[PDB]
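Following: one structure in C-alpha cells, then a few remarks.
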Amino acid sequence: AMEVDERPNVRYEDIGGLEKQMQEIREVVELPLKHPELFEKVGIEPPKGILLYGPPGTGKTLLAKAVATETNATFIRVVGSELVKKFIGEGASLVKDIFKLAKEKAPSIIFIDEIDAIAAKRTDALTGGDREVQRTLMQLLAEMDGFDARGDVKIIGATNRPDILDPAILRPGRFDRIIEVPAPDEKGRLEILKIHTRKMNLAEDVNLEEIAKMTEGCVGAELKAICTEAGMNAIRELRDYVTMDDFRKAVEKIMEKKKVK
Ligand SMILES: Nc1ncnc2c1ncn2[C@@H]1O[C@H](COP(=O)(O)OP(=O)(O)O)[C@@H](O)[C@H]1O
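Oh and the sequence shown: position 26 is 183 in PDB author numbering, straight run, nothing missing.
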C-alpha cells in the first residue's frame with residue numbers, strides 16, 4: 158500500500174539541523190521540478206531518483222514532504238515492506254498502480270520508505286524465496302528507466318541500511334544521488350528543539366541550549382517526543398506552562414527507553 162497526501166503541509170523552516178542536505182535536495186529535486194525547461198537549456202541532467210540514508214526518525218520523510226509542499230506536488234508515501242507480497246506478480250502489480258497514480262496526480266514525489274525491503278542484494282543464486290521480490294524490484298526499475306524524462310514526477314528512496322542495497326539500483330539513470338541524513342549534532346538538536354517548542358508555552362527557566370547538550374545522539378523524532386512528554390509532565394502537575402524540570406524528566410525517560418540493550 159501507499160499513503161497519498163495531495164498537498165502535504167511541511168515547510169523547510171520546520172526541519173531543523175540539516176542545512177546542507179536540505180539545500181542539496183532543494184537544488185537536486187525541487188529546482189528541476191520547478192524549472193525543467195531551464196535544466197534543459199542550461200545543459201545538466203537532473204536525477205530521476207535520489208536515495209536518502211541514515212537512522213529512522215531523522216527527517217527523511219520530512220524533507221520529501223517539504224519538497225512536495227514547496228512544489229504543490231502530490232505526496233506519495235510507499236511502505237517498502239508492504240510491497241513484499243508472497244504471490245506471483247503481486248509486488249510488481251502495486252508498483253504499477255503507484256506510478257499510474259503518480260502520473261495521474263502529477264506533479265508528485267514518490268517517497269519509498271525502506272526500499273531495502275525490495276532492493277536488498279540477497280546472497281546469491283539460491284534465490285527461491287526472494288525471487289518474487291526480484292520480480293518487483295525489476296518492475297520499479299522499468300517504471301524508472303521508463304516514463305522518466307526531466308521532472309514531472311520525482312522519486313526519493315530511503316533506507317537506514319544502505320550497504321545491503323543492490324548496486325544495480327545505484328547505477329546512473331536511477332538513484333544516483335545518495336544523501337546521508339544523520340542523527341543531528343548539538344547545534345542541530347537545538348534547532349529541532351526550537352521548532353517543536355515553537356507553539357508551546359515555555360517557562361522562563363527553560364534553557365533549550367542545555368537540553369540539546371543533554372541529548373547525545375537522539376534523533377528528531379525522539380526530540381519531538383521529549384517536547385510532548387515534557388508538556389505532559391506539566392499537565393500531570395496541572396500546570397499551564399512547561400518547566401526546565403519537566404524536560405529533565407522527559408529527557409531522562411526517553412534516554413532510558415533508548416537504552417534498550
Ligand atoms: N530534523 C528534524 N527536524 C524536525 N523534525 C524532525 C526531524 N527529525 C524528525 N523529526 C520529527 O519526527 C517525525 C519523524 O520524521 P520522519 O521524517 O518521518 O523520519 P524519517 O527520517 O525516519 O523519515 C517528523 O514528523 C518530525 O516531527
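The beta-carbon is built from N, C-alpha and C at its ideal position, and this holds for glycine as well.
Asked	Found
Residues of its chain near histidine 353, where Cβ-Cβ distance is below 6 angstroms and the 5 sequence neighbours each way are ignored	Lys381 and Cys384
Span of the beta strand (DSSP E) around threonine 231	231-236
Segments assigned beta strand (DSSP E), at least 3 residues, entirely inside the segment 176-235	206-210
Length of the line joining the Cα atoms of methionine 371 and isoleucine 313	33 angstroms
Bridge partner(s) assigned by DSSP for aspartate 162	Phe232
Where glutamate 373 falls: helix, strand or coil (DSSP)	coil
Bridge partner(s) assigned by DSSP for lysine 311	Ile266
Beta-carbon proximity of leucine 294 to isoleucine 275, cut-off 9 angstroms	yes
Around ligand 1, Cβ to any heavy atom closer than 5 angstroms, ordered along the chain	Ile172, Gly173, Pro213, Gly214, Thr215, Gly216, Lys217, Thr218, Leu219, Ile349, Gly377, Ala378 and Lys381
Whole-Å CB distance - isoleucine 411 paired with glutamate 379, under 8 angstroms assumed	6 angstroms
Three-state class that DSSP yields for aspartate 302 in the structure shown	helix
Separation of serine 265 from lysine 253, as counted between CA atoms	15 angstroms
contact_flag[the segment 231-238, the segment 168-183] where n(CB pairs < 8 angstroms) is 3 or more	no
Three-way DSSP call (helix, strand, coil) for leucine 380 in this model	helix
Check whether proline 204 and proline 193 have beta carbons under 9 angstroms apart	no
Beta bridge counterpart(s) of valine 399 as assigned by DSSP	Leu359
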